[PDB]
Amino acid sequence: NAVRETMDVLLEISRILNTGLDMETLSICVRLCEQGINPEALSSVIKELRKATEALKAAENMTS
Amino acid sequence: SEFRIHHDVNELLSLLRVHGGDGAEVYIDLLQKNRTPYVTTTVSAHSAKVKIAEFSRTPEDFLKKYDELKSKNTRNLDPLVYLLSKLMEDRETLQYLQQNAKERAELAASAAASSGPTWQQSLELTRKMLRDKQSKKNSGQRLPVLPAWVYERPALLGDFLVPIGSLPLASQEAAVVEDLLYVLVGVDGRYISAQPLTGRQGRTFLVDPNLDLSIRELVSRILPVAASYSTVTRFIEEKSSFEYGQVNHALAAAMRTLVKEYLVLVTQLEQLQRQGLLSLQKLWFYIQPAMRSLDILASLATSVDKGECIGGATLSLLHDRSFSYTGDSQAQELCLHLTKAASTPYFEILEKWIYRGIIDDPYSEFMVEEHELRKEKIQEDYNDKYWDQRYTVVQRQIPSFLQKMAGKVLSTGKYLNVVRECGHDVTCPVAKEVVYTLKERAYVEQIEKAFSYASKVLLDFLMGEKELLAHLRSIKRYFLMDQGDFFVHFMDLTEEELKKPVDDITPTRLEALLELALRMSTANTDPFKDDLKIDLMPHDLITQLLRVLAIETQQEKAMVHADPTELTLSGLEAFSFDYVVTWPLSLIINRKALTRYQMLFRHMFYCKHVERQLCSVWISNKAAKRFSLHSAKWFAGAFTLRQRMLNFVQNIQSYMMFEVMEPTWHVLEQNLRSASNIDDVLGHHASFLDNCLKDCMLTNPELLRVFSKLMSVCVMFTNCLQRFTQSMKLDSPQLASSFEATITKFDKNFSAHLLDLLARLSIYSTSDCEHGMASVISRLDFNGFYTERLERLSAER
Amino acid sequence: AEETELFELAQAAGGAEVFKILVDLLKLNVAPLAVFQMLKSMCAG
Amino acid sequence: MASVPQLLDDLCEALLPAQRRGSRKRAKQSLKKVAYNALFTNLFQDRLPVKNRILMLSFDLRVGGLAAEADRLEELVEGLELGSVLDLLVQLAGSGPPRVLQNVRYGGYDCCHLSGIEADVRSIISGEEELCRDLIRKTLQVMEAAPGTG
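Chains as they are written, first to last, in PDB author numbering: chain Q, 46 to 109; chain C, 2 to 116, 147 to 192, 203 to 773, 815 to 879; chain V, 33 to 48, 52 to 80; chain L, 1 to 18, 25 to 52, 63 to 97, 107 to 127, 142 to 189.
Have a look at this one:
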């Protein structure tokens with residue numbers, strides 16, 4: 046419950062930051078950070094993957 | 002039922018006037034191993050239809066019915082059509098059937114003479160009948176049915192319910218376009234009219250006389266799609282009925298979604314129409330794009346309605362259509378889309394049934410429907426259904442793709458409904474979204490994992506909540522002792538109750554004796570004792586066992602239907618045992634299965650009591666060693682008789698103890714260890730039961746009667762010995819009349835009965851060979867001193 | 033049951052005994068080969 | 001905690017909203039491959065106090081007329097006082122859509152500032168309603184001249 050509450054507070058902060066980050070992404074990021082993943086690497090990969098997902102979504106919308 | 006051949010095929014032999022030959026009994030046997038829950042009729046049905054029409058003397062009705070029977074879209078018309086064609090092939094078979102039938106037809110005839148389509152009405156009858164049918168299926172529930180006001184407001188969808206005498210050809214085309222656009226919007230034409238649908242129809246057009254012959258011909262193409270669209274709106278409303286179904290509602294809504302496309306194209310053309318820049322040929326060009334699509338859409342709707350497709354009826358029709366809509370690649374994909382969507386209307390419940398282990402049956406679309414079956418009454422009932430009818434299977438309701446896995450799906454759903462009846466209702470973690478897709482093997486692919494998970498969960502729950510290991514480590518003490526103290530107290534305490542006749546037995550005293558014997562042993566490590574008790578039968582173990590062995594064999598009414606009330610209530614054979622386990626907690630022992638597991642106790646304890654009586658006679662016969670038994674003519678022939686009868690009874694018990702016992706018991710242990718499903722555990726237990734009773738040899742009425750006669754001779758000999766002891770030790815009437823050293827004659831009779839029993843064992847080892855019969859012969863021929871004489875009497879045939 | 037539809041199929045056959056015991060065998064989904072052998076045997080009697 | 005590829009695939013599929027079902031599988035595989043390529047690039051290629069960074073973010077909000085939102089975020093941060110997760114979220118901050126629309144007076148404390156704020160809010164509400172109406176109208180008008188079958 047402590048991890049869940051911490052994740053909820055972090056998600057609230059991120060929503061205040063207007064990041065549009067998911068709770069599942071938050072949990073995955075918590076696991077990566079405890080695993081020793083660079084916050085900069087995680088955020089850069091997140092931005093690149095968000096851009097790729099947006100491009101794929103646009104392409105599939107034109108691909109319907 | 003499973004013996005429905007008796008009702009159909011046996012009466013086929015009798016009533017068909019075919020008593021010679023095999024009749025339709027061997028035909029019943031032929032169709033029995035050829036009758037499947039599903040259908041595998043893949044065949045060139047066109048070829049079979051051609052053959053039938055070729056042999057059809059009046060092929061008009063043959064071809065007409067070849068179309069008409071598909072109107073209802075009934076169950077497996079292809080097999081009947083093939084039968085009707087192939088039977089016309091054999092005139093000899095046809096003529097022989099004519100002999101079998103026409104003569105009976107003449108007999109019956111002689112015995113006889115001695116002594147228009149309104150869409151409104153056709154849909155209202157359907158709606159009322161479907162409301163009644165949904166009420167019957169509800170069996171005491173309400174319905175989210177369409178309202179009476181929904182039926183009211185006629186033309187609730189706003190349904191489709203000009204002088205052109207000398208119009209210029211262009212103005213005529215424009216006015217005709219206006220009329221046709223109104224018709225496409227379900228409105229009246231300008232110079233022409235359109236009668237309403239003649240029941241199942243759109244609008245039966247009435248072309249204007251002033252409409253040019255060329256104009257009328259061009260409009261003729263439009264009118265098809267117009268009637269199609271009107272009937273399509275009507276069919277969408279029909280599927281919108283809750284009686285049609287929530288899935289039918291989903292299909293109708295998907296159609297409405299495409300119907301928006303229809304009105305969209307209407308407005309797209311209306312753009313040029315308001316612009317006045319359209320043309321009759323231009324319109325025909327634009328209509329061709331989807332004029333065919335209009336009729337294509339109405340096609341599947343008419344298929345569902347004409348088949349009254351409820352449940353997997355419309356699903357199968359849809360899947361078949363999707364498999365055939367090729368060529369019309371647009372319809373090949375559109376029907377696939379509709380299939381994939383509307384699967385979820387049932388596939389969610391299917392997922393619910395499959396995944397959630399709880400099938401939602403507001404409409405009972407899933408073939409598995411949780412049929413009412415009280416699992417509690419299974420154990421105490423000789424015939425039970427809950428283990429097999431806690432979830433009935435509606436074979437009539439199945440989708441096209443679903444029908445393949447349905448049997449495997451039936452097993453998986455049965456396991457899931459078992460998990461639901463286990464209290465711990467649960468969703469299978471495999472929740473592969475049930476939906477329609479082209480991959481049919483994929484439908485069963487995740488189904489395989491789901492069924493495996495269901496079976497594994499069932500196995501784990503049985504190893505948990507059921508915990509049958511203790512239910513058997515304790516039942517080992519039940520009906521088999523497996524410990525001297527297990528049944529030692531029962532033997533030591535039931536003596537007085539059995540001495541009291543069955544009419545003379547005191548149930549309260551028996552209850553007290555049972556409770557005390559329950560506390561009288563240190564083998565109470567088994568915790569399942571409360572699940573077990575004692576009981577009694579108003580008939581001897583023989584009184585019903587031999588009646589069944591002579592199953593209308595020789596005493597259908599002489600002894601099997603003869604009530605035990607013809608005899609008296611005897612304490613020993615009337616006795617019985619009691620035990621039970623809850624519905625979820627192993628209601629396995631139904632009174633038939635429970636009786637099968639119980640009566641081994643009766644037979645074993647009968648032999649135990651006989652051996653106890655023999656041992657008591659011998660222990661009381663401890664004084665005769667202090668002198669010469671030669672002076673005990675009424676008490677020393679007892680020694681010879683005891684020697685001759687120990688081989689008959691005590692030695693007969695050893696074959697059951699080792700040869701009979703180890704096989705069935707070890708088979709049950711090993712098979713249960715290999716058991717993974719409920720069926721596997723049932724097989725292990727069924728081995729332990731059937732094979733054990735087989736080595737008990739308690740199912741051959743003649744041989745069992747011979748063994749019973751030997752045991753009864755032994756019992757009567759023990760009783761006569763006890764009576765002679767009572768009349769002699771008190772001598773230091816009836817008991818003295820039992821024997822006066824005539825117990826020597828009784829021992830001779832026992833030896834003769836033993837010779838007969840050895841002959842029965844030899845008969846088993848000769849006509850059936852076997853190993854148990856060869857062992858019975860081997861135990862009889864221990865030494866020739868009482869076996870070489872038996873061998874000679876065996877040759878005395 | 034569909035006794036009416038069975039009679040409809042029989043009139044479609046247009047022969048000369053509802054014969055729906057065979058339709059019961061169809062409900063059991065008996066095989067055409069055993070069905071043909073059984074029909075020949077029942078014809079012979 | 002999962003394998004780097006396993007968690008990468010989970011997160012990629014989470015961002016991925018996934025024509026053929028083979029196409030959907032290929033899209034998921036492409037998302038996983040792109041994530042793997044990005045992670046490999048980051049690995050092959052391979063500051064401010066977090067309190068200072070949060071202070072800068074709250075200062076940006078309060079300067080951006082979000083002094084209340086800065087206070088809410090500062091309360092969340094003070095409750096917090107994972108740091109790498111905070112930095113990653115800060116990098117993703119603003120990648121959600123920017124938010125454009127969401142004892143007593145001393146006698147002289149009455150202000151037309153509040154009155155104008157309320158008037159602007161009401162005008163914005165009316166403008167939003169009119170804009171929604173106009174946008175729906177534009178969508179319908181663009182559809183009005185089209186064929187209709189796709």
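For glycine and all other residues, C-beta sits at the position ideal for the given N, C-alpha and C.
Problem set entry | Distance between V82 of chain C and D62 of chain C (C-alpha atoms, nearest Å) | By 1-based counting over the second sequence, the position of residue 62 of chain C is 61. By 1-based counting over the second sequence, the position of residue 82 of chain C is 81. So the alpha carbons of these two residues sit roughly 13 Å apart.
Exercise. Closest to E105 of chain Q by CA distance: which of L:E167, L:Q25, L:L15 is it?
Worked result: Here residue 105 of chain Q is taken as the residue at index 60 of the first sequence, counted from 1. Out of L:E167, L:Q25, L:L15, L:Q25 has the C-alpha closest to the C-alpha of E105 of chain Q.
For this session: Could you tell me whether the Cβ of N83 of chain Q comes closer than 9 Å to any Cβ of chain L?
Result: On the first sequence, position 38 is the one that residue 83 of chain Q refers to. Yes - at least one Cβ of chain L is within 9 Å of the one on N83 of chain Q.
Exercise. Is the Cβ of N48 of chain L closer than 9 Å to any Cβ of chain Q?
Worked result: For this step, residue 48 of chain L is matched to residue 42 along the fourth sequence. Yes, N48 of chain L counts as interfacial toward chain Q.
Exercise. Looking at chain L, which residues of the region 316-331 of chain C have a Cβ within less than 9 Å of any of its Cβ atoms?
Worked result: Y327, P330, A331
For this session: Closer than 9 Å by beta-carbon distance: list the chain C residues that pair up with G187 of chain L, in chain order.
Result: On the fourth sequence, position 148 is the one that residue 187 of chain L refers to. Per Cβ cutoff of 9 Å: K301, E302, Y303, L304, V305, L306, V307, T308, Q309, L310, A331.
For this session: Compare the beta carbon distance of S749 of chain C and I583 of chain C with 9 Å and say whether it is the shorter of the two.
Result: Taking the first residue of the second sequence as position 1, residue 749 of chain C is located at position 708. Taking the first residue of the second sequence as position 1, residue 583 of chain C is located at position 542. Yes; because the gap between Cβ atoms is below 9 Å, this pair is in contact.
Exercise. Taking just the CA atoms, how far does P122 of chain L sit from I70 of chain L?
Worked result: The count along the fourth sequence starts at 1 and reaches residue 70 of chain L at position 54. The count along the fourth sequence starts at 1 and reaches residue 122 of chain L at position 97. When rounded, the distance between both Cα atoms is 20 Å.
For this session: With a threshold of 16 other CB atoms inside 10 Å of the CB of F689 of chain C, please say whether the residue is buried or exposed.
Result: Taking the second sequence and counting its residues from 1, the one referred to as residue 689 of chain C is at position 648. Buried is the call here.
Problem set entry | Among C:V44, C:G286, C:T37, C:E90, the one whose alpha carbon lies nearest that of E55 of chain C | Numbered from 1 along the second sequence, position 54 holds the residue referred to as residue 55 of chain C. Taking only the C-alpha atoms, the option nearest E55 of chain C is C:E90.
Exercise. How is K34 of chain L classed by DSSP in three states: helix, strand or coil?
Worked result: On the fourth sequence, residue 34 of chain L is found 28 positions in, with the first residue counted as 1. Helix, per DSSP.
Exercise. Under three-state DSSP, which class holds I575 of chain C?
Worked result: As a first step, residue 575 of chain C must be located in the second sequence, where it is residue number 534. The answer is strand: DSSP assigns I575 of chain C an E or B state.
Exercise. Applying the criterion that 16 or more other CB atoms from any shown protein chain within 10 Å of the CB defines a buried residue, is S715 of chain C buried or exposed?
Worked result: The residue you call residue 715 of chain C lines up with position 674 of the second sequence. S715 of chain C comes out exposed.
For this session: Starting from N63 of chain Q, find everything on chain L with Cβ-Cβ shorter than 8 Å and list it in chain order.
Result: Here residue 63 of chain Q refers to the residue found at position 18 of the first sequence. Neighbours of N63 of chain Q on chain L, chain order: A118, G119, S120, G121, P122, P123, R124.
Exercise. Which value, in whole angstroms, describes the spacing of the CA atoms of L94 of chain Q and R30 of chain L?
Worked result: Indexing the first sequence from 1 puts residue 94 of chain Q at position 49. Indexing the fourth sequence from 1 puts residue 30 of chain L at position 24. Each residue's alpha carbon lies about 17 Å from the other.
Exercise. If you measure from the beta carbon of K480 of chain C to each beta carbon in chain L, is any gap under 9 Å?
Worked result: Start at 1 with the first residue of the second sequence, and residue 480 of chain C comes out as number 439. Yes, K480 of chain C lies at the interface with chain L (some Cβ there is under 9 Å from its Cβ).
Problem set entry | Collapsed DSSP secondary structure at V93 of chain L in the structure displayed | Translated into the one-based positions of the fourth sequence, residue 93 of chain L becomes position 77. Of the three classes helix, strand and coil, the one that applies to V93 of chain L here is helix, per DSSP.
For this session: For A86 of chain Q, decide whether its Cβ has a neighbour in chain L, counting only Cβ atoms nearer than 9 Å.
Result: Residue numbering aside, residue 86 of chain Q sits at position 41 when the first sequence is read from its first letter. Yes, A86 of chain Q counts as interfacial toward chain L.
Exercise. Using DSSP with H/G/I as helix, E/B as strand and the rest coil, what is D249 of chain C?
Worked result: Locating residue 249 of chain C in the second sequence gives position 208, counting from the first residue. Three-state result, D249 of chain C: coil.
Exercise. In this structure, what does DSSP give as the bridge partners for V226 of chain C?
Worked result: On the second sequence, position 185 is the one that residue 226 of chain C refers to. According to DSSP, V226 of chain C bridges with nothing at all.
Exercise. Is the distance from the Cβ of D10 of chain L to the Cβ of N83 of chain Q below 9 Å?
Worked result: Translated into positions along the fourth sequence, residue 10 of chain L becomes position 10. Translated into positions along the first sequence, residue 83 of chain Q becomes position 38. Their beta carbons are not under 9 Å apart, which means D10 of chain L does not touch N83 of chain Q by this criterion.
For this session: Grab the span of the beta strand (DSSP E) containing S833 of chain C for me, first residue to last.
Result: In the second sequence, counting from the first residue as 1, residue 833 of chain C sits at position 751. First-last for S833 of chain C: 825-849, but that is the alpha helix (DSSP H), not the beta strand (DSSP E).
For this session: Taking 9 Å as the cut-off, decide whether the C-beta atoms of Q430 of chain C and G352 of chain C are in contact.
Result: What you label residue 430 of chain C is simply residue 389 of the second sequence in a count that begins at 1. What you label residue 352 of chain C is simply residue 311 of the second sequence in a count that begins at 1. Not in contact: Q430 of chain C and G352 of chain C (Cβ atoms no closer than 9 Å).
Problem set entry | Helix, strand or coil at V460 of chain C [DSSP, three-state] | Taking the second sequence and counting its residues from 1, one reaches residue 460 of chain C at position 419. Helix at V460 of chain C.
Problem set entry | Residues that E85 of chain L contacts on chain Q, provided the C-beta gap is smaller than 7 Å | As a position in the fourth sequence, residue 85 of chain L is number 69, starting the count at 1. Neighbours of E85 of chain L on chain Q, chain order: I61.
Problem set entry | Residues, ordered as in the chain, of the region 54-83 of chain C that lie near chain V by beta-carbon distance below 7 Å | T59, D62, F63, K66, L70, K73, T75, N77, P80, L81, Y83
Exercise. Shorter than 9 Å from the beta carbon of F39 of chain V to some beta carbon of chain C?
Worked result: The residue labelled residue 39 of chain V in the question sits at position 7 within the third sequence. False, the Cβ-Cβ gap to chain C never drops below 9 Å.
Exercise. Taking Cβ positions only, does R76 of chain Q come closer than 9 Å to chain L?
Worked result: Numbered from its first residue, the first sequence carries residue 76 of chain Q at position 31. Closer than 9 Å: yes.
For this session: State yes or no: is the beta carbon of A184 of chain L nearer than 9 Å to at least one beta carbon in chain C?
Result: Sequence index remark: in the fourth sequence, residue 184 of chain L carries index 145 (1-based). True, the Cβ-Cβ gap to chain C drops below 9 Å.
Exercise. Name the chain V residues whose beta carbon is nearer than 8 Å to that of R5 of chain C?
Worked result: Residue 5 of chain C sits at position 4 when you count from the first residue of the second sequence. Correct list: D59, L63.
Problem set entry | Unbroken stretches of the beta strand (DSSP E), 3 residues or longer, contained in the region 547-617 of chain C | 573-577
Problem set entry | Where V19 of chain C meets chain V, residues with beta-carbon distance less than 7 Å | Looking up residue 19 of chain C in the second sequence gives position 18. Those within 7 Å of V19 of chain C in chain V are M77, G80.
Exercise. Along the chain, where does the beta strand (DSSP E) that runs through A235 of chain C open and close?
Worked result: Taking the second sequence and counting its residues from 1, the one referred to as residue 235 of chain C is at position 194. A235 of chain C -> beta strand (DSSP E) spans 234-236.
For this session: Please report the residue range of the alpha helix (DSSP H) in which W394 of chain C lies.
Result: Locating residue 394 of chain C in the second sequence gives position 353, where the first residue counts as 1. Element bounds for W394 of chain C: 370-395.
Exercise. Leaving out the 5 sequence neighbours to the left and right, which residues in its chain are closer than 6 Å to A291 of chain C when beta-carbon positions are compared?
Worked result: Here the question's residue 291 of chain C lines up with position 250 in the second sequence. Hits under 6 Å: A383, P386.
Exercise. With distances taken between CB atoms, is the gap from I61 of chain Q to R63 of chain L smaller than 9 Å?
Worked result: Taking the first residue of the first sequence as 1, we reach residue 61 of chain Q at position 16. Taking the first residue of the fourth sequence as 1, we reach residue 63 of chain L at position 47. Contact: no.
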